[PDB]
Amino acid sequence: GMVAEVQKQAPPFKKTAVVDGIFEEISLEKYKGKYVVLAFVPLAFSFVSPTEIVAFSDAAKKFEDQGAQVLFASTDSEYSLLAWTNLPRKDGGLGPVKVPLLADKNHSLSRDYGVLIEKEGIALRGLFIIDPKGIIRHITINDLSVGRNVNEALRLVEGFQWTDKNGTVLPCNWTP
């Protein structure tokens, strides 16, 4: 019974995903050695979620510079997620994108990470930062009406990279 918690090992997974208009299986294991930023969104074709995906996608290189893979996830199917990329951003779609979109249709991923609203069948806006050994170092969970902050995710990755490399709490006046 997987329950995502900070300081403990992330629940593993293997999910079908949309990777450049194509289906691919993605595991967490695939990315051992890198940091992973796993972000959940509620609903394909909804309102805040497309803006979040678009924002992290555009900063993909920044994450890649900090040695981190961004992954998104929802309880929608890989076909809905694929149609979602084929829909232009001006129409509340994603346009093509540079981060995988994992399909959690049997809800095991959201449940394992503790973000499933069981009455609705959707995830909350949960974000998890997972380190190269698979340990969860940070959790953010937002109620549905308020989007997350890309920079905050970047700050944290860089900060945990730093305290990992050096073996110390951050300097008194550290910034990214």
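All residue numbers are counted from 1 along the displayed sequence.
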property: Higher-scoring stretch by recorded Cα B factor average, 110-118 or 22-30; result: 22-30
property: Mean Cα B-factor comparison, 58-66 or 128-136, giving the higher one as deposited; result: 58-66
property: For residue 15, the third of its chain into which the C-alpha B factor falls; result: middle
property: Ranked C-alpha temperature factor of residue 73 among modelled chain residues, by third; result: lowest
property: Residue 51, C-alpha B-factor rank within chain (lowest, middle or highest third); result: middle
